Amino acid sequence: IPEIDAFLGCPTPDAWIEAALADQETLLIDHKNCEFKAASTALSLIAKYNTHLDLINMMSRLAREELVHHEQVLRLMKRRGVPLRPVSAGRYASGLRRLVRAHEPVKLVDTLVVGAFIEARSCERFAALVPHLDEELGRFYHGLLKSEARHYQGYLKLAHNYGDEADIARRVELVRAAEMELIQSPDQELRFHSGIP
């Protein structure tokens, strides 16, 4: 398990930061939804792998942590007068999930590797953002950054628990390249994990 910047294929582009700072409300609402989706994804993995007890125990606890984050973002939004509004999911997680192999057991390994990338990128991007944010939001985002690093390690360690070290290294190489492409490519919308607007 390498360090975050080493694991990831590129830093967050300055142009993404610029767009994010100009629309922190869209950022916050999509961030709130992402925390919820992390919990919902963790539950879908429990349902899909109902006999993988190690997975089930980790995902149940992970889902609860992400639901806390979801509620914390909602409280921050309420404090700052950010109303709720429909914000469709971005392309990011769907693009990464297209690289998952369609057959067990490597389907599960690839799914967990994609999860490690989503959490690692979230940690890197929080870190890129906080020097530009106000004190309250930077403090909040700094706390979340630490949990993302833990979740990145947790996802990658679960993948090794179920996968061959050699196939994981090649899976990481494939998703790392596609992840970098999703992060550096032009994008039509601002999302927490969007490309360059």
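In this text, residue numbers run from 1 along the sequence as written.
Taking the mean C-alpha B-factor of each stretch as recorded, 61 to 69 and 41 to 49 are not equal, and the higher mean is that of 41 to 49. Of the two segments, 113 to 121 and 99 to 107, the one listed with the higher mean B-factor is 99 to 107 (C-alpha atoms only). For the set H31, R170, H142, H151, the PDB entry assigns the largest Cα B-factor to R170. The deposited CA B-factor of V175 belongs to the highest third of values across its chain. In the deposited entry, the Cα temperature factor of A128 sits in the bottom third of values across the chain's modelled residues. In this PDB entry, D164 carries a Cα temperature factor that places it within the highest third of its chain's modelled residues. When the modelled residues of the chain are ordered by their C-alpha B factor, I56 lands in the middle third.
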